[PDB]
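Residue numbers (the authors' numbering), protein chains in the order written: chain A, 871 to 919; chain B, 775 to 822; chain C, 1699 to 1783. All residues carry an ideal CB built from backbone N, CA and C; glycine is no exception. Here is the structure we will look at.
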Amino acid sequence: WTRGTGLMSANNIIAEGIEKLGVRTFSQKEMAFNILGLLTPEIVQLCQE
Amino acid sequence: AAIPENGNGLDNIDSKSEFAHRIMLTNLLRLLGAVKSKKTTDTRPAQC
Amino acid sequence: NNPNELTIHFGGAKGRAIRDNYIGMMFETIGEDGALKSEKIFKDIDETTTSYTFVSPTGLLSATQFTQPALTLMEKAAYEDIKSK
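Okay, structure coming up:
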């Protein structure tokens, strides 16, 4: 769940709601952090096998 | 890359959905399939 | 097609099988002082290196470690052609 602008502005009002279950949503700088961590040199060698 | 499409149900798979399926899949594979043919070196992988 | 520089890439499974050729190629040169300087000169290729670049401003075929395998291949190409006749 990425919380961003655009056409998902009608969905940001319930991100607080499903986070009360023990689940977490993400801002765009967080799914920035989460995919750039797939480019670490230990994942990079792991993708090659 | 993707297209914003919404309201296209199964009865309304329309031309914006055939163009979004080409953007997101049947020409994403041609994008990965073309970086393959331009590679000649097996020592440089391209992490998709 | 003589380049001015060449990047060697240490890529996947067979690419890590290529850079450990370069790690094992270690020359030892003791100094004039008698002390055995057992030192590492290839800091540039180690267990984290994924690419190394050979640089020569004149051209690679004029650089020393590439000019001499180009000759002895050419001179054996001319010899074995002469020998086959």
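Residue environment, residue i, which counts as buried when at least 16 other CB atoms sit within 10 Å
| i | result |
| --- | --- |
| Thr-875/A | exposed |
| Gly-1713/C | buried |
| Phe-903/A | exposed |
Cβ-Cβ separation, residue j to residue i (assumed contact under 8 Å), whole Å
| i | j | result |
| --- | --- | --- |
| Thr-817/B | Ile-1716/C | 7 Å |
| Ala-1711/C | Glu-919/A | 7 Å |
| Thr-1746/C | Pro-911/A | 7 Å |
Cβ-based neighbour list, residue i, same chain, cut-off 8 Å, excluding 5 preceding and 5 following
| i | result |
| --- | --- |
| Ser-791/B | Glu-779, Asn-782 |
| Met-798/B | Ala-775, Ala-776, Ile-777 |
| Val-809/B | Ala-820 |
| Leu-1759/C | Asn-1700, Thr-1765, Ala-1768 |
| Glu-889/A | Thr-895 |
Residue i vs residue j beta-carbon contact at 7 Å
| i | j | result |
| --- | --- | --- |
| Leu-1704/C | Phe-1740/C | no |
| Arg-894/A | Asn-882/A | no |
| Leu-806/B | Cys-822/B | yes |
| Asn-1699/C | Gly-1757/C | no |
| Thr-1748/C | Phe-1708/C | yes |
| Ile-1706/C | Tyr-1777/C | no |
Contacts around residue i, its chain only, beta-carbon distance under 7 Å, and the 5 residues preceding and following it disregarded
| i | result |
| --- | --- |
| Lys-1735/C | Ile-1728, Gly-1729 |
| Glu-1773/C | none |
Residue i CB to nearest heavy atom of the ligand MG below 6 Å
| i | result |
| --- | --- |
| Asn-1699/C | As far as ligands go, the structure on display features none, and thus does not contain the ligand MG. |
Close-in-space but distant-in-sequence residues of the same chain around residue i (CB under 6 Å, 5 per side omitted)
| i | result |
| --- | --- |
| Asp-1744/C | none |
Residues that residue i contacts on chain E, provided the C-beta gap is smaller than 8 Å
| i | result |
| --- | --- |
| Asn-780/B | Among the protein chains in the structure shown, which are A, B and C, there is no chain E. |
- Task: Taking a Cβ distance cut-off of 7 Å, strictly less, list which residues of the stretch 876–897 of chain A are near chain B, in chain order.
- Result: Shown in chain order are the members of the stretch 876–897 of chain A whose Cβ falls below 7 Å from a Cβ of chain B: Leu-877.
- Query: Which residues, taken in chain order from the stretch 803–822 of chain B, show a beta carbon closer than 7 Å to some beta carbon of chain C?
  - Reply: So the close ones are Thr-815, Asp-816, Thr-817, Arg-818, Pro-819.
- Message: What are the residues in the stretch 1708–1742 of chain C lying within 8 Å of chain B by C-beta distance?
- Response: Identification of residues in the stretch 1708–1742 of chain C having a C-beta nearer than 8 Å to some C-beta of chain B yields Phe-1708, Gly-1709, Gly-1710, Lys-1712, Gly-1713, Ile-1716, given in sequence order.
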